[PDB]
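J.: Please work out how this folds:
(chains A, B, C, D, E and F, ligands or ions: 20)
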Amino acid sequence: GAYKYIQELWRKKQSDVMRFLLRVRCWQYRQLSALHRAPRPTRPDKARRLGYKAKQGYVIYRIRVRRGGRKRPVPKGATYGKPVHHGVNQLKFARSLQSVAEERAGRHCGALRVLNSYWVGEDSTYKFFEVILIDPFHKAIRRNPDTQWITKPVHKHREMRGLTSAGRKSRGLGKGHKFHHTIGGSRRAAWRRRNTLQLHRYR
Amino acid sequence: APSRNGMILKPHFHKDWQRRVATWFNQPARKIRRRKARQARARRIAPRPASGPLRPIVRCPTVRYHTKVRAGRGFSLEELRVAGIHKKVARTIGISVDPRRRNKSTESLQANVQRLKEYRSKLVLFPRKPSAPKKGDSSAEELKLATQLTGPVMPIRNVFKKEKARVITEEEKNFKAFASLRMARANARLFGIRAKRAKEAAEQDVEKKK
Amino acid sequence: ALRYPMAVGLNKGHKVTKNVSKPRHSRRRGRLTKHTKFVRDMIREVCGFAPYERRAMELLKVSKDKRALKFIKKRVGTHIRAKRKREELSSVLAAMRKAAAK
Amino acid sequence: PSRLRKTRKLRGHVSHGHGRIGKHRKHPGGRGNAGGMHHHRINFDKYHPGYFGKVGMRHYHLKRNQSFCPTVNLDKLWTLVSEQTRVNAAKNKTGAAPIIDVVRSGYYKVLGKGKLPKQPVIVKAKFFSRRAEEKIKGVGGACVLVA
RNA sequence: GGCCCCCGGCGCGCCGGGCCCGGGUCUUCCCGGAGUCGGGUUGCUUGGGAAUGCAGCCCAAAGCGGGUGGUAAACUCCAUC
RNA sequence: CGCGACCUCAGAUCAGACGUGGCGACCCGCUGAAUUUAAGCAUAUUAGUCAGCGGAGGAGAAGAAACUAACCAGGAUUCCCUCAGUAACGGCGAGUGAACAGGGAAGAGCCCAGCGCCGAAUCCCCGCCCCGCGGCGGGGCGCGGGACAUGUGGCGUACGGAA
Ligand SMILES: [Mg+2]
Ligand SMILES: [Mg+2]
Ligand SMILES: [Mg+2]
Ligand SMILES: [Mg+2]
Ligand SMILES: [Mg+2]
Ligand SMILES: [Mg+2]
Ligand SMILES: [Mg+2]
Ligand SMILES: [Mg+2]
Ligand SMILES: [Mg+2]
Ligand SMILES: [Mg+2]
Ligand SMILES: [Mg+2]
Ligand SMILES: [Mg+2]
Ligand SMILES: [Mg+2]
Ligand SMILES: [Mg+2]
Ligand SMILES: [Mg+2]
Ligand SMILES: [Mg+2]
Ligand SMILES: [Mg+2]
Ligand SMILES: [Mg+2]
Ligand SMILES: [Mg+2]
Ligand SMILES: [Mg+2]
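T.: Residues are numbered from 1 along each chain as shown, chains lettered A, B, ... in the order given. Ligands and ions are numbered 1, 2, ... in the order given. Okay, here it is:
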């Protein structure tokens, strides 16, 4: 089936074909606003593996994000404090750019419920992304049982809480020895557990 | 400042710990709540064991625990396959099934098949309607018990086989255990190099020809 | 002369008979399928090769094959990936050489 | 019981048992184990010889159960079994010798402290001492390795 | 203990629809998520120590592959996902 | 020099929907000190703690192994007891500091993309009738619109699956 071809082609990103296209796409995207609703998914394939479905009430915003790290917002330098914390230039945000991308798509379209995102290119200055969104109150989603989990109000603002695939990754949770921080729910919760004087009745 | 003899001891009360002290005045109230909730769940699953489903027998890991045996999480697929219970059905008759369990040795497998067989013997499957089709048991074994089973269903008891008094043949007596262990240690230690020197010597014998 | 099972040394541990079960279906992942192979190489004649790959082919042609690997390791990352790539490149280069000779 | 404590008896007296030349100030030494090297050194190196300094090899992912090997002495080996095995024996007249599975009772190694009574045994165990072996043989018994 | 309201929850009947929904045995086919993994890096983080986890930037994959197997690397068997 | 497809884009007080603020004990994501300790202090510590911003729910988060182990092996997540003030980190000083096993509380497992087969077999909105209507649903009937082949629905997902 064509999707497997498309998939394998897109892995040849250093190839002559895909490099040509990526350059032309990235030029084109750069010549638009920072947030615009793509009429259809640039990457159909990827979108399907991430859970897009080509029916009504699935949406896709292409969102630009400025690239590079995070300089410490303090006037001049003047991070007054112990010279551990004197750093301002070479320091780096916890979440990814892709998460930031989703978060912004989420912010803008409050009714819409961020499902998942994928990449469409990168300049020196910008990255580009494509956030799949969903109306939780369009009948075609509501009545389809397999999606109607997103219409539940626990799934409000997934991206804001660190719950999309992208913003999950910063949280630092997976099974096995390479984690332990996040061995309750999350990073914060384990610390909480580990720094509770459990003070029993009888002692 | 320390004064004449004592453990140079490190307490961990430098963070704001009194902000996160966790009292246990719940616990009685808790213990009850669980207990009510427990009795409710029994009553809901009416003649079904309060326990839960039946669970496999399983040995612990590590040299330490090794000798003991617990209840496992669920019966493997091979164990269901050999017993002849369709895995999707086994859930519906109160048989725990995990499918992530390997099955290394045949001693642990046949035991766990035996478990399921025994379960299926002493199980009282009620028919779907009061009108009785196949599988569903007789109204005798139904009226005489729509009874719950208190406690864990067919409990595992880690058990020992009594060895009778032998006579000590002149061979047991001959054995030099401590030595044997020392030897067995050193051969694991030295296996690998010995093989490298032999590989060296073999190369020297072949090199002599050419 | 009396071979008690021991808890320590080479053929150690509790002596138990082994069943030889069907290996889990999970274990066969990454096995190259006839149809996937066809797709893979169907695309290597559309898309063609990357720049670093091409540069390595040119090294391999010259028979400067250590420098080829030194390059691929710095480029790809590990040794084992670099070595596996160098064999593919040498296979490609050979099938060109066979194709030319006709 | 505050009733019993010392502050009840100090009521009335000015200094509260802390003296009036020197007082009860907050932290005159430094907090805690401060000054281990300087200014508390003597206490450290006359009640904790060897506090300071590294020694020996690191071991990163220590897991204690690998090194699990609880020992038992010949001293009280017969304790593992019911008296009536040690009694039906020194009797019997077959020269039987009853088995003692030590690993069942929760000891892996059998070390050799103590006098073993002149009464044959078969000791099954994961590990033995040299002396524990020897004593066992001298009783007229047989050590037995188990996995 | 009683009576009266209301509401819940479960039991039986009728109708309206939907719904022709198994298992083993032998054969022939089918099979996996890329700017991701991985590497280098710098900064934070961790008990995690020749890098526990998260980041930016650069490189940038494979398919009997890939990941893990708490000391860096090469060769090699195993185990485990 | 028109008319007609589509593509990409606008504008509507267009028809019908949703989002905005609050609360914040608990919860998720970021951000992030300095008093303080070290008898001084800069790494360390205080602390991923206060303050700061964001977003929730009746709980949240987590969760059905790219896991543990190295055993005769265990088998999602969470919680307690233990592991353990231990392995480890550390001007190896001050100080800091987990995990597996073991015993319990509870217990539940699943679905896509893909690969394939099936006349798109699928969905939304209109309009007419019968029931039902204070959580807008059922059934029928319309050459009544649209979405959709740049892929909807049934079968199926590694515990193998199809024919
Ligand atoms: Mg500091
Ligand atoms: Mg990653
Ligand atoms: Mg229970
Ligand atoms: Mg005094
Ligand atoms: Mg005074
Ligand atoms: Mg004084
Ligand atoms: Mg730190
Ligand atoms: Mg090593
Ligand atoms: Mg709000
Ligand atoms: Mg100070
Ligand atoms: Mg001071
Ligand atoms: Mg000062
Ligand atoms: Mg800290
Ligand atoms: Mg706060
Ligand atoms: Mg939840
Ligand atoms: Mg997973
Ligand atoms: Mg666990
Ligand atoms: Mg202790
Ligand atoms: Mg800390
Ligand atoms: Mg499909």
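J.: how close does the residue of chain D at minimum distance from chain B sit to residue A:107?
T.: Chain D approaches chain B most closely through residue D:29 (2.8 Å), counting by Cβ to the nearest Cβ. C-beta: built from backbone N, CA, C; applies to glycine. Separation of residue D:29 from residue A:107 (Cβ to Cβ, to the nearest Å): 56 Å.
J.: returning to that earlier point: the residue of chain D closest to chain B: which element?
T.: Assessed by DSSP states H and E, residue D:29 sits outside every helix and strand.
J.: Give the burial count for it, as a bare number.
T.: 13 (other Cβ atoms under 10 Å in any protein chain shown).
J.: give me every residue that touches the residue lying closest to it once chain neighbours are set aside.
T.: Leaving aside its sequence neighbours, residue D:29 sits nearest to residue B:1 (Cβ to Cβ, 6 or more residues apart in numbering or on different chains; 2.8 Å). Shown in contact with residue B:1 (Cβ atoms under 8 Å, 6 or more residues apart in numbering or on different chains): D:28-30, D:34-35, D:40.
J.: Residue B:173 reaches residue D:139, doesn't it?
T.: No: contact criterion Cβ atoms under 8 Å: residue B:173 and residue D:139 do not qualify, at 11.0 Å.
J.: Looking at those two, which is more packed in?
T.: Using other Cβ under 10 Å as the criterion, residue B:173 and residue D:139 rank with residue D:139 on top: 18 against 14.
J.: which phi and psi does the closest residue to the more buried one other than its chain neighbours have?
T.: Leaving aside its sequence neighbours, residue D:139 sits nearest to residue D:116 (Cβ to Cβ, 6+ apart; 5.1 Å). When read as degrees, to the nearest 10, the backbone of residue D:116 gives phi -100, psi 130.
J.: What about residue D:116, how many residues nearby?
T.: Residue D:116: 19 neighbours (other Cβ under 10 Å).
J.: Check the spacing between it and residue D:142 real quick.
T.: 13 Å.
J.: now do residue D:105
T.: From residue D:105 to residue D:142 the distance is 18 Å (Cβ to Cβ).
J.: ditto for residue C:67
T.: 68 Å.
J.: out of those two, which sits in the more crowded spot?
T.: residue D:142 (26 against 12).
J.: Surely the more buried one and residue D:136 touch.
T.: Yes: the pair residue D:142 and residue D:136 qualifies as a contact (Cβ under 8 Å) at a distance of 7.4 Å.
J.: before we move on, the earlier item: is it true that the residue nearest to residue D:139 touches residue D:77?
T.: Yes: checked against Cβ under 8 Å, the pair residue D:116 and residue D:77 is within contact range at 6.9 Å.
J.: is stretch B:73-83 anywhere near chain A?
T.: No: Stretch B:73-83 is not in contact with chain A by Cβ under 8 Å from any Cβ of the partner chain; minimum separation 15.5 Å.
J.: hmm, back to that, between residue D:142 and residue D:136, which contacts overlap?
T.: Shared contacts of residue D:142 and residue D:136 (Cβ under 8 Å, 6+ apart): D:121, D:123.
J.: Now do the strands in chain B.
T.: For chain B, the strands defined by DSSP state E cover B:21-23, B:57-59, B:69-71.
J.: and what of chain A?
T.: Going by DSSP E, chain A shows strands at A:35-37, A:58-66, A:116-122, A:126-134, A:197-199.
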